[PDB]
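Heavy atoms only: backbone and side chains are in, while hydrogens, waters and symmetry mates are out. A note on names: the letters A, B, ... follow the listed sequences, proteins ahead of strands, and every chain is numbered from 1.
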Amino acid sequence: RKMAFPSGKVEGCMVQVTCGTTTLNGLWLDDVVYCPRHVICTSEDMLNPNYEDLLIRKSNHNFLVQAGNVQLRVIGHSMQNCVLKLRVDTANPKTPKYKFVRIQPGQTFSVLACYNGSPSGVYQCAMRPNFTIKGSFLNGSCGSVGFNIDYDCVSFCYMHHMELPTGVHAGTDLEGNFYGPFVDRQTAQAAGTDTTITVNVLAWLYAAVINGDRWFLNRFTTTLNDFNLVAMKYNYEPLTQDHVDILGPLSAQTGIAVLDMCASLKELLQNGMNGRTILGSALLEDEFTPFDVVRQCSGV
Amino acid sequence: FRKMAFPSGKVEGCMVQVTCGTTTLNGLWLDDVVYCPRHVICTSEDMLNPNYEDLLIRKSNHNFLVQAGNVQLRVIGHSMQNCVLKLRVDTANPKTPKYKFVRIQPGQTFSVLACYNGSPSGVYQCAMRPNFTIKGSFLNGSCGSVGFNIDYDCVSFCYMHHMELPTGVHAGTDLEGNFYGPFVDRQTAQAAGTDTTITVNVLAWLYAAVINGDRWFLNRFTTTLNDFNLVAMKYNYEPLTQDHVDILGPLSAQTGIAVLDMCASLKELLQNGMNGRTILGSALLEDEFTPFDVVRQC
Ligand SMILES: *C(=O)[C@H](C[C@@H]1CCNC1=O)NC(=O)[C@H](CC1CCCCC1)NC(=O)c1cc2ccccc2[nH]1
Ligand SMILES: *C(=O)[C@H](C[C@@H]1CCNC1=O)NC(=O)[C@H](CC1CCCCC1)NC(=O)c1cc2ccccc2[nH]1
């Protein structure tokens, strides 16, 4: 099952940011509030905004930052790629130990969906190979963030900016760089064709083996190159060296070499499951990372 | 459309660790009382069959080690309410939220904050199965983890975790210490009643699938409530009541699909299967979204 990180450390950082008639969410860490720069757009600014031009016209006193209904005075503003950084006069006492990280396709994170700076829910998301996420975002959710937690340290990896016509979502890291080829303009953008996250399917197969469900283990092995060429014919992502590395602990725990599991997956792709199931499912699951499998089987 | 849990922050501030002898689990710290499963007072030999009121009278306040973070809380009182131990401590929890203890109905959902050694580990949504189990994700040391709902900053606690059945499903109590279902806190292999599928929830989730733009399972047919219930019972689905039909009112208005029209679609899905197709990414009929859950998210 999909399990989110406890969200309390991020809840204490959510604020709302209003510029004109547009209110969205911001992330208050120390004395800086981070939010999508498109908060400074008017409804006619959105087709092709000149953000440098739009920001020159704005002053500190045009930005309404509120924790609940308590206003935080803005004392400075700047733009870093597609995120606005608003310096405020109060350091957030609830600021956790944190870092800003850019995740790879296939990595998962928890999203704290927020509206008017107020947390509404938390759920686990995977960054697809086409750099969209299947979020659950409504109007006003922009500036909601995705994160992982590692031993008290919150790693922020996603800030929400927009929905594509297909209903999936696109956003930036916390340095304002979009994931994938998207831009913050209200134009016809489409997610490129998605693929299956191979490293996560392998993680899921390791999880099946750990639980005693191992009929798919075969007597074959493969090279990484050979497997990658076949996997791409089935709309599976090629494996990287980092992928092989993050499967290391699961490979060690089960004694099944990563390339042996690749050969097992290759057989499943070429032959199907034959009505058999894996972990009580006819579909290969691709939204659990090796860390998710480990985290779910340990009390971290 | 995803499975969404409530933000856990208000609950995380209440989780503590409770130790008795060689047994460690989680407790819920509300004002000056810590609530935890009473089986913390069992020794390994006691767990076999425990006379709890007898085992508890033999315990002293100092037998209970309670830790909040690095701080240790002094137990100044202890009492039992059914299967829940209540440890009075000398410090009120300053992070205590507005809260209520509620006993939920089969079919209703709640968020679980899974904790280990008093520290929160993950949050996820669960439903009370019709047979009063929950399909959780709990490991050793998760006992005392709680399930809850949040309504306008009031936390309604509804579940406290006690055990894992041999089938891997889970069993626990409300916060008054009464088990959901026929289960008992003795270390014995316990089977649940035969589970059934939560019908009103499957329908809410079908409506959710419509709101998000997939309609391949809809049909032109309709059905009566009684004829649908005959087919549902044949497939081990719970009965659909008129109250359920009314509760689905808003979703039917939103999509313009009468409830009995959607029942006919589910009848078709049950009798013909999903032909290898999928709904909202799932190959099976999902029954852990309530009408409220779907409304709140859509
Ligand atoms: C921010 O709160 C919202 C989040 C959206 C709203 C509904 N569900 C979401 O995830 N963001 C937007 O509404 C953006 C605003 C634009 C302002 C200028 C720069 C680009 C973002 N717009 C969209 O998300 C959007 C535009 C668009 C055009 C044509 C079809 C679909 C579509 N979606
Ligand atoms: C508390 O932390 C654990 C949570 C379990 C452990 C593994 N996964 C879980 O959810 N609770 C237990 O281990 C209880 C211990 C007490 C139960 C009540 C009376 C005293 C012991 N036991 C079980 O969960 C358990 C015992 C048992 C015996 C035979 C078959 C299955 C079985 N499950």
Short N-O contact, B:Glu286 and B:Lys3, less than 4.0 angstrom:
yes

Could you tell me whether the side chain of B:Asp214 reaches within less than 4.5 Å of the side chain of B:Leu280, counting heavy atoms only?
yes

With ring-ring contact (aromatic ring centres under 6.0 Å, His included) as the test, pick out the partner of B:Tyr35 among B:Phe157, B:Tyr159, B:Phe101.
B:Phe101

To the nearest 0.5 Å, tell me how far A:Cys125 SG sits from B:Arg2 CZ.
5.5 Å

Rounding to 0.5 Å, atoms CG (A:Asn130) and OG1 (A:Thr195) come to a distance of 7.5 Å

Would you check if the side chain of B:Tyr116 reaches a backbone N or O of B:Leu139 as a donor-acceptor pair within less than 3.5 Å?
yes

Hey, does the side chain of A:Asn177 reach the backbone of A:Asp173 with a donor-acceptor pair shorter than 3.5 angstrom?
no

Stacked cation flag A:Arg185 on A:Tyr51, 6.0 angstrom / 45 deg:
no

Please check this pair: side chain of A:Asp45 against backbone of A:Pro49, looking for a donor-acceptor N/O pair closer than 3.5 Å.
no

Shortest non-hydrogen contact from B:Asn61 to B:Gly77?
ND2-N, 3.5 Å

Is B:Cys36 close to B:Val84 at the side-chain level, that is, under 4.5 Å between some pair of heavy atoms?
no

For A:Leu47, I'd like to know if atom CG has over 12 heavy atoms of other residues, nucleotides or ligands within 6.0 Å.
yes

Give, for atom OG1 of A:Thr289 and atom NE2 of A:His243, the distance between the pair rounded to the nearest 0.5 Å.
10.5 Å

Which value, rounded to the nearest 0.5 Å, describes the distance between B:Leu25 atom CG and B:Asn140 atom CG?
11.5 Å

Grab the two heavy atoms, one from B:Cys115 and one from B:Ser145, that are nearest each other, plus how far apart they are.
N-OG, 2.9 Å

Does any donor atom in the side chain of A:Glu237 or A:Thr198 lie under 3.5 Å from an acceptor atom in the other side chain?
no

Main-chain N/O of A:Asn50 paired with A:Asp53 side-chain donor or acceptor, under 3.5 Å:
no

Do side-chain atoms of A:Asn92 reach the backbone of A:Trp28 as a donor and acceptor pair under 3.5 angstrom?
yes

Which heavy atom in A:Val39 sits nearest to a heavy atom in A:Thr22, and how many Å separate them?
CG2-O, 3.9 Å

Locate the shortest heavy-atom distance separating A:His160 from A:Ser141; write the atom from each residue and the value.
CD2-OG, 3.4 Å

Is there side-chain contact between A:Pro96 and A:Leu29, with heavy atoms separated by less than 4.5 Å?
yes

If you measure from NE2 on A:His77 to NE2 on A:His61, what distance do you get to the nearest 0.5 Å?
9.5 Å

With salt bridge (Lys or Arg N to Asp or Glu O under 4.0 Å) as the criterion, how do A:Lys9 and A:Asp152 come out once you've worked through the C-alpha distance, each side chain's angles and the decisive distance to 0.1 Å?
CA-CA 9 Å; A:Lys9 285 174 173 74; A:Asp152 257 2; 3.3 Å; yes

Spell out, as yes or no, whether a donor-acceptor pair under 3.5 Å connects the side chain of A:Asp89 to the backbone of A:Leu72.
no

So, does B:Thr109 use its side chain to make a donor-acceptor pair with the main chain of B:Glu288 at under 3.5 Å?
no

Could you tell me whether A:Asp286 and A:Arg128 have a side-chain N and a carboxylate O separated by less than 4.0 Å?
yes

Answer yes if the side chains of A:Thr23 and A:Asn116 hold a donor-acceptor pair under 3.5 Å, and no otherwise.
no

Would you call the rings of B:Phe1 and B:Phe289 parallel, tilted or perpendicular if under 30° counts as parallel and over 60° as perpendicular?
tilted

B:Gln297 side chain vs B:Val294 backbone, donor-acceptor pair below 3.5 Å
no

Does the plane of the ring in A:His38 sit parallel, tilted or perpendicular to the ring in A:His161? Use 30° and 60° as the thresholds.
perpendicular

Testing the 3.5 Å rule here: is there a donor-acceptor pair between the side chains of B:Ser111 and B:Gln125?
yes

Do NZ/NE/NH1/NH2 and the carboxylate oxygens of A:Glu175 and A:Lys85 come within less than 4.0 Å?
no

What is the minimum heavy-atom distance between A:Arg1 and A:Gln296, and which atoms define it?
O-OE1, 3.0 Å

Roughly how far apart are B:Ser79 OG and B:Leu87 CG, rounded to 0.5 Å?
8.5 Å

Exactly one of B:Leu28, B:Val11, B:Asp31 clears side chain to side chain contact (heavy atoms under 4.5 Å, CB included) with B:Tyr99, and that residue is B:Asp31

Looking at A:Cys82 and A:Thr172, what are the two nearest heavy atoms and their distance?
CB-CG2, 4.1 Å

If only atom types and distance count, is the side chain of B:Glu12 paired as donor or acceptor with the main-chain N or O of A:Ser7 below 3.5 Å?
yes

Ignoring hydrogens and angles, tell me if any N or O in the side chain of A:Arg37 forms a donor-acceptor pair with the backbone of A:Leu55 under 3.5 Å.
no

Checking B:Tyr124 against B:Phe110 for the ring pair (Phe, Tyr, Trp, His ring centres under 6.0 Å) test, could you report, in this order, the C-alpha distance in whole Å, the side-chain angles of both residues, the deciding distance, and whether it holds?
CA-CA 9 Å; B:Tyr124 54 89; B:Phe110 54 96; 9.0 Å; no

